[PDB]
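Some notes on the structure that comes next.
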Amino acid sequence: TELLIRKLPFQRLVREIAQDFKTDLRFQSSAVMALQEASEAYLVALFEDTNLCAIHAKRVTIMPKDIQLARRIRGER
Amino acid sequence: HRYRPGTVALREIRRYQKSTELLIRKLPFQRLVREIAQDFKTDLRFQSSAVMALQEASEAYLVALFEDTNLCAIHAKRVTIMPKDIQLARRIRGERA
Amino acid sequence: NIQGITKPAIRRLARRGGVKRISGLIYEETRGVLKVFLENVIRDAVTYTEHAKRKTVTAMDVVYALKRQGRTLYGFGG
Amino acid sequence: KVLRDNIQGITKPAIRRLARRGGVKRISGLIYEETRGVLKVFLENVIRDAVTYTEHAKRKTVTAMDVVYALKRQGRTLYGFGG
Amino acid sequence: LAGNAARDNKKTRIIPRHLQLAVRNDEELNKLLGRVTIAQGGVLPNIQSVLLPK
DNA sequence: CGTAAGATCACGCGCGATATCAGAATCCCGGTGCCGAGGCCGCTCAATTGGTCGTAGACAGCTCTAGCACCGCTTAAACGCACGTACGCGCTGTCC
DNA sequence: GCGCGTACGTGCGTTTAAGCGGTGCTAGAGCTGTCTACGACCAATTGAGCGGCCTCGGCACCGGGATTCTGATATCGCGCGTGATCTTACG
């Protein structure tokens, strides 16, 4: 169940992301941790749906159109 | 003469997408709703407006599901929707397990 | 009863959904899916009506039911 | 210090492991940039909601409850950090 | 936007189809009403490329 | 002179685009009726203000603890190349 | 199903910034004391939206006329295949 994304690059990415909405923002380490948990659960679910899409194409390798199809069916944009 | 297969289907697609009237004749749908409701509680009465709302919601949901099914079928290099397409779309949606 | 949802009505719904070619087993699958959807929505609507101590399932009960299922509908006194 | 191109901090092996936990066996080449974009969009939305919550809170620090609230908003409720 | 659509459809009184066209055509309004079905609203005209005749 | 190999023109055969007929689609227009939209009048029922009370909120000051930064150390993690092998793409036969 | 092109896995080699610890500085959050603005409510007042009832019309419908669009066929054009005539080489 241990995290797969490495902690420091994720923290730097999130800091940049938040900076672009508003500058001079600080983070509780627990908040960053919760963000990482949510991100990992989300993309693991997305990869599951992608694999389901790829099998539906009589394929074994997931391809970008598979995630596009999954996110369209999910109602995401 | 004869129209080649697949052309009249496109004509109906154009026809029905420009119109909004319900595509299920009312009375069979009303009887189906009444049968389904009977299993939950007996001697029940329905407002026509409630039944109309049920039909609108059901038809819109079915149209959206058919859209997703067609997209899934196209993803499989296919043109015909087949039950696995509906199953996959419902699964990704999360309504079916 | 459930078969009252005719095969051609399903074709019309799919045509409005943009489908060109349809399979035979589709129609039965759609009947099942519609059955499930109506079961859930009507179950919630009945739950509401029972809680209302009324023998008439009303439109607002239906609207609240679709609101619960995240399928909000407009045009019936939202 | 300025921050730039941190989206590439999500290395290929990380995404590969993540897909492995998703049951994926074979992965195409261009997938990785698309996972970067999808993660980018998801982070954009969640952090937007969290930043707005902090702004109402009149605080200069994002707190965990802000993240939890934002996730609950996205229909993505999370347990294990309060709320 | 609904009056705009009604003018496009050459109608003086707004009918729900105009509302559906206005909401779905507009990306932001469509996103706002993402989980809303408008009665007698119908769908936008949209045919997939591969389904078109060659 | 006479026969055999090669280039070019004339004639014949085969594949693709674009002129025409023809039934089904679609749009426009003369003329009528309507149920829904729009406006006026009555009526309740709703909004507003004189004036009061506790209540919540704003503000200021004292306390300090995790937040931030750097340095050194250690090392698990990341990137480039040989290759060959199963996967991806394309053509083809069959019949559902 | 068959045939062919190839993307990337494992392994190896190489390189590096991510975690631990160790130190050091510290920002605004959190917790007491002061001070004050305001909304519910009650009386009393006043006025506007809803409904009933009239009046009116934009479009459906009918019917007819006019303009468009696939399916079929055939000609023009281009490309390939064959025989006749002119040319060259050999006997």
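Residue numbers (the deposited numbering), protein chains in the order written: chain a, 58 to 134; chain e, 39 to 135; chain f, 25 to 102; chain b, 20 to 102; chain c, 65 to 118. Cβ atoms here follow ideal geometry from the backbone N, Cα and C, with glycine treated the same way.
{"Item": "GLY94/f versus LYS20/b: straight-line alpha-carbon distance, rounded", "Value": "45 Å"}
{"Item": "Test: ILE111/c CB closer than 8 Å to a CB of chain e", "Value": "yes"}
{"Item": "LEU100/e at chain a interface by Cβ criterion, 8 Å", "Value": "no"}
{"Item": "Contact set between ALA135/e and chain a, taken where Cβ atoms lie within less than 9 Å", "Value": "Under the 9 Å cutoff, chain a gives no residues; its nearest Cβ is about 12 Å from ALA135/e."}
{"Item": "Any chain c beta carbon closer than 8 Å to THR107/e", "Value": "no"}
{"Item": "Residues near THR118/a by beta carbon distance below 8 Å, same chain, minus five either side", "Value": "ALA111"}
{"Item": "Inter-residue Cα distance where the pair is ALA127/a and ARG67/b", "Value": "24 Å"}
{"Item": "At least three beta-carbon pairs within less than 8 Å, the region 72-84 of chain e to the region 33-53 of chain f", "Value": "no"}
{"Item": "Proximal residues of chain f, C-beta to C-beta of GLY44/e below 9 Å", "Value": "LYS44, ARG45"}
{"Item": "Nearest-angstrom Cα separation, counted from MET84/f out to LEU90/f", "Value": "10 Å"}
{"Item": "Under 8 Å from the C-beta of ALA70/c: neighbouring residues of chain e", "Value": "Residues of chain e passing the Cβ test: none, with the nearest at roughly 14 Å."}
{"Item": "Chain-ordered residues of the region 66-84 of chain b with a beta carbon less than 7 Å from chain a", "Value": "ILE66, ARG67, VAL70, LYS79, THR80, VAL81, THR82, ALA83"}
{"Item": "Residues near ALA69/f in its chain [Cβ-Cβ closer than 7 Å; skip 5 each side]", "Value": "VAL81, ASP85, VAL86, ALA89"}
{"Item": "Contact set for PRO80/c: own chain, Cβ-Cβ below 8 Å, skip 5 residues either direction", "Value": "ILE102, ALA103, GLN104, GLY105"}
{"Item": "Contacting residues, own chain, Cβ-Cβ under 7 Å from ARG134/e (five flanking each side not counted)", "Value": "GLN125, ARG128"}
{"Item": "Cross-chain neighbours of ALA127/a in chain e, by beta carbon under 7 Å", "Value": "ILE130"}
{"Item": "Contact with chain e by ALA95/a, beta-carbon distance below 8 Å", "Value": "no"}
{"Item": "Own chain, CB closer than 8 Å to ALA47/e, minus 5 neighbours either side, in chain order", "Value": "none"}
{"Item": "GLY56/b and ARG69/a closer than 8 Å at C-beta", "Value": "no"}
{"Item": "Per DSSP, cross-strand counterpart(s) of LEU65/a", "Value": "Paired residues: none, contrary to the question."}
{"Item": "Backbone secondary structure at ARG83/a - three-state DSSP", "Value": "strand"}
{"Item": "Any chain f beta carbon closer than 8 Å to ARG40/e", "Value": "no"}
{"Item": "Any C-beta of chain c under 8 Å from that of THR96/f", "Value": "yes"}
{"Item": "Residue range of the beta strand (DSSP E) that includes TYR98/f", "Value": "96-98"}
{"Item": "Buried/exposed call for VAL87/c, threshold 16 Cβ in 10 Å", "Value": "buried"}
{"Item": "Secondary structure, beta strand (DSSP E): runs of 3+ residues fully inside the region 47-99 of chain b", "Value": "none"}
{"Item": "Any 3 or more C-beta pairs closer than 8 Å across the region 25-40 of chain f and the region 86-94 of chain e", "Value": "no"}
{"Item": "Through-space distance from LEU61/e to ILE26/f, alpha-carbon basis", "Value": "16 Å"}
{"Item": "Sequence-distant residues of the same chain with beta carbon closer than 7 Å to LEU83/c, five excluded per side", "Value": "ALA66, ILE102, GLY105"}
{"Item": "Reduced DSSP category for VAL114/c - H, G, I as helix; E, B as strand; rest coil", "Value": "helix"}
{"Item": "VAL114/c versus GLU73/e, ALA114/e, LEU100/e, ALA102/e, residue with shortest Cα-Cα distance", "Value": "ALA114/e"}
{"Item": "Residues bridged to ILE102/c (per DSSP)", "Value": "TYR98/f"}
{"Item": "Closer than 8 Å to chain c by CB, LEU48/e", "Value": "yes"}
{"Item": "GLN55/e versus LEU93/c - alpha carbon distance", "Value": "20 Å"}
{"Item": "Endpoints, the alpha helix (DSSP H) within which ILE34/f is located", "Value": "31-40"}
{"Item": "From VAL107/c, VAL100/c, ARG99/c, residue whose alpha carbon lies closest to that of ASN89/c", "Value": "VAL107/c"}
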